[PDB]
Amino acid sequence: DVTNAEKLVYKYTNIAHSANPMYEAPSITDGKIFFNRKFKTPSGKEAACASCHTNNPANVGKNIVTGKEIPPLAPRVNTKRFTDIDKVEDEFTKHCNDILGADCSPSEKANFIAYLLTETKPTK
């Protein structure tokens, strides 16, 4: 839910600030850029988080590999997101590894979850 998501932003901010002292607080601008940024897959094809989750994380997504819909990421819209707090940190680490080849950094996670807190309305 939103409660657990918000608490994770503080957790990852404090980890990030220890590792990278110039980082002090989340940037929702940077979280949004991270979500939409086209990165290069090994093949040379570009992809972004938004390729599967759409450019609005309040919307239902679609996996470009399998065609399967994906529930929204924004926890105000899909309140199940982040409720499974014993597992969701490990699951996010696994997912970053799957999509990008390595875990997302603590500042990337703080910025991204803070951005998710701000996306409360689906695109119509």
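Quick note: we count residues from 1 along the sequence shown, nothing fancier.
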- Task: Return whichever of 66-74 and 43-51 has the greater mean Cα B factor according to the PDB record.
- Result: 66-74
- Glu108 CA temperature factor, ranked by third within the chain: lowest
- Going by what the PDB entry lists, where does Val9 fall on CA B-factor within its chain: lowest, middle or highest third? lowest
- Chain-relative C-alpha B factor for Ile85 (record values, thirds): the highest
- Thinking about Cα B factors across the chain, which third does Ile99 belong to? lowest
- Of the three thirds of its chain by CA temperature factor, lowest, middle or highest, which one includes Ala114? lowest
